[PDB]
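Trainee: Here is the input, now give the coordinates:
(chains A and B, ligands or ions: 2)
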Amino acid sequence: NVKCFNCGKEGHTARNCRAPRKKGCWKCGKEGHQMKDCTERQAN
DNA sequence: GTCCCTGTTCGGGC
Ligand SMILES: [Zn+2]
Ligand SMILES: [Zn+2]
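Mentor: Numbering: from 1, shown residues only, chains lettered A, B, ... in the order given. Ligands and ions are numbered 1, 2, ... in the order given. This is the structure:
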């Protein structure tokens, strides 16, 4: 299993997901930066 | 793609 960032549902990933993906931060939510970039709750 | 499998956004990898 692998929790898809885009939709949440397991068994597949963000790229695989048959759904339009997110622009901004996946975890924190806020755009203008990715989850990678994020300075908010940056730890995991 | 049933699943793999993660920042850039589809494509081989099994
Ligand atoms: Zn998905
Ligand atoms: Zn963020």
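
Trainee: What residues does chain A have near ligand 1?
Mentor: Contact residues, chain A versus ligand 1 (CB under 5 Å from the ion): A:4, A:6-7, A:17. C-beta here means a position set from N, CA and C on the backbone, and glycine is covered the same way.

Trainee: how does it look with 6 Å?
Mentor: A:4, A:6-7, A:9, A:12, A:17, A:19 (CB under 6 Å from the ion).

Trainee: Among these, which one lies nearest to residue A:37?
Mentor: residue A:6 (17.6 Å; CB to CB).

Trainee: Next, the contact list for the closest one, please.
Mentor: Residue A:6 sits next to A:14, A:17, A:19-22 when contact means CB atoms under 8 Å, 6 or more residues apart in numbering.

Trainee: and what of residue A:23?
Mentor: residue A:31.

Trainee: how does it look with 10 Å?
Mentor: For residue A:23, the contacting residues are A:31-32, A:34, by CB atoms under 10 Å, 6 or more residues apart in numbering.

Trainee: What of residue A:27?
Mentor: A:5, A:34-36, A:38, A:40-44.

Trainee: for those residues, which one is nearest ligand 2?
Mentor: Distance to ligand 2, by CB to the ion, is smallest for residue A:38 among those, at 3.2 Å.

Trainee: burial count for the closest residue to residue A:37 other than its chain neighbours?
Mentor: Among residues not flanking residue A:37 along the chain, residue A:25 sits closest, at 7.5 Å (CB to CB, 6 or more residues apart in numbering). Around residue A:25 there are 20 other residues, counting by other CB atoms under 10 Å.
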